[PDB]
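Okay, here we've got a single chain as structure tokens, the form deposited in one PDB entry, with questions on binding and movement later.
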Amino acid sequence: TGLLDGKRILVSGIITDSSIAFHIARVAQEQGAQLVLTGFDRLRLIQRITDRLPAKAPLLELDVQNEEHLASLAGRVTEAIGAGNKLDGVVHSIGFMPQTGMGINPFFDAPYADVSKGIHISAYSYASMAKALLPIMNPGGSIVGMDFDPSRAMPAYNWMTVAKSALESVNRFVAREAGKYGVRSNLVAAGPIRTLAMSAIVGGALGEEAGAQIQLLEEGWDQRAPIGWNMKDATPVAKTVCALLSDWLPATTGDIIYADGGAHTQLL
């Protein structure tokens, strides 16, 4: 009956009820999965959000820049799911880039310390989480990360585009490691969705250009997408992540699935 019945899945990246990770968790629970959630920094606020999910799920703290949190993660997950049990899926829905690396801030003015922090959180941490969690994953398992197609340069995304290009490369090497465990590793390249990162990181960096730039982004995406695109609806993206967490894409690994309305395949 449920697409993920009997599956134990770790979902990182919930910060608000608009987070892509919130919708992934909601859809996964609706489909029978038992979740373990991870949150960063504002744990009291995150628990208030995760209480809105269909079912209870333990929340563990994880700052991906914190070596101690990573070294303890597998043990804390095992305590949450019970000794002897393993995870079937892991969702990396994490990203960050300082303001200097985004929007109308000049591309050449982002200092390396800022870009490095963004690449650490947005790309290297996909390898860090796989390293910590592969030893407690079952064969047939699935690791999924979130991508924003960085094949071409574009306005505002700036250094986050470089971090996503690095993340696509990391995913191909993580697939080589995960294959030793019978585990798949893939990214879902989503179209634009109204989340806290889009408003607070992207929107805040666009300044007086946010209104026009985001309208043109939204309109162009919906126009290029042969089936349209609704930036207010994360459900099609959440369903796609759940398809990769399921047993229905068993031969796909080190790859990118586009949940973008088909926009990347069209010029206009």
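C-alpha atoms forming the largest set that superposes within 1.5 Å between two forms make up the rigid core. Residues that one form lacks are left out of the comparison. Note that residue numbering begins at 1 and tracks the sequence as displayed.
**Student:** Tell me which of 203-211 and 23-31 has the higher mean C-alpha B-factor in the deposited entry.
**Tutor:** The deposited B-factors put 203-211 ahead on the C-alpha mean.
**Student:** Using only C-alpha atoms and the B-factors in the entry, which stretch averages higher, 162-170 or 70-78?
**Tutor:** According to the PDB entry, the answer is 70-78.
**Student:** Highest Cα temperature factor in the entry, among the options 83, 123, 146, 90: which one is it?
**Tutor:** Answer, based on the entry's C-alpha B-factors: 83.
**Student:** How does the C-alpha B factor of residue 241 compare with the rest of the chain: lowest, middle or highest third?
**Tutor:** Its C-alpha B-factor belongs to the lowest third of this chain's values.
**Student:** Ranking every modelled residue in this chain by its Cα temperature factor as given in the entry, which third contains residue 94?
**Tutor:** Lowest third - that is where residue 94 ends up once the chain's C-alpha B-factors are sorted.
**Student:** Considering only modelled residues of the same chain, in which third does the CA B-factor of residue 139 rank: lowest, middle or highest?
**Tutor:** It belongs to the highest third of the chain when residues are ordered by C-alpha B-factor.
**Student:** Lowest, middle or highest third of the chain for the C-alpha temperature factor of residue 157?
**Tutor:** Lowest third of the chain for residue 157's C-alpha B-factor.
**Student:** If you rank the chain by CA B-factor, which third does residue 180 end up in: lowest, middle or highest?
**Tutor:** Highest third of the chain for residue 180's C-alpha B-factor.
The protein also exists as the form deposited in another entry; that form is not presented, and the subsequent description refers to it.
**Student:** After aligning the rigid core, which of 70, 243, 55, 200 is the one whose Cα travels 2 Å or more between this form and the one not shown?
**Tutor:** Going through each option, the one that shifts is 200.
**Student:** Superposing on the rigid core, I want to see if residue 211 changes position between this form and the one not shown - specifically a Cα shift of 2 Å or more.
**Tutor:** True for residue 211: a C-alpha shift of 2 Å or more.
**Student:** Using the form shown as baseline, tell whether residue 111 and residue 210 are closer or farther in Cα-Cα distance in that other deposited form, where the change reaches 3 Å or more.
**Tutor:** Residue 111 and residue 210 sit closer together in that other deposited form.
**Student:** I want to verify one pair: residue 211 and residue 158. Are their C-alpha atoms nearer or more distant in that other deposited form compared with the form I supplied, knowing the change is 3 Å or more?
**Tutor:** Closer is correct, given that in that other deposited form the C-alpha spacing of residue 211 to residue 158 is reduced by at least 3 Å.
**Student:** For a shift of 2 angstroms or more at every C-alpha, which runs of three or more consecutive residues qualify between this form and the one not shown, with the core superposed?
**Tutor:** 199-206, 209-215 are the stretches that move between this form and the one not shown.
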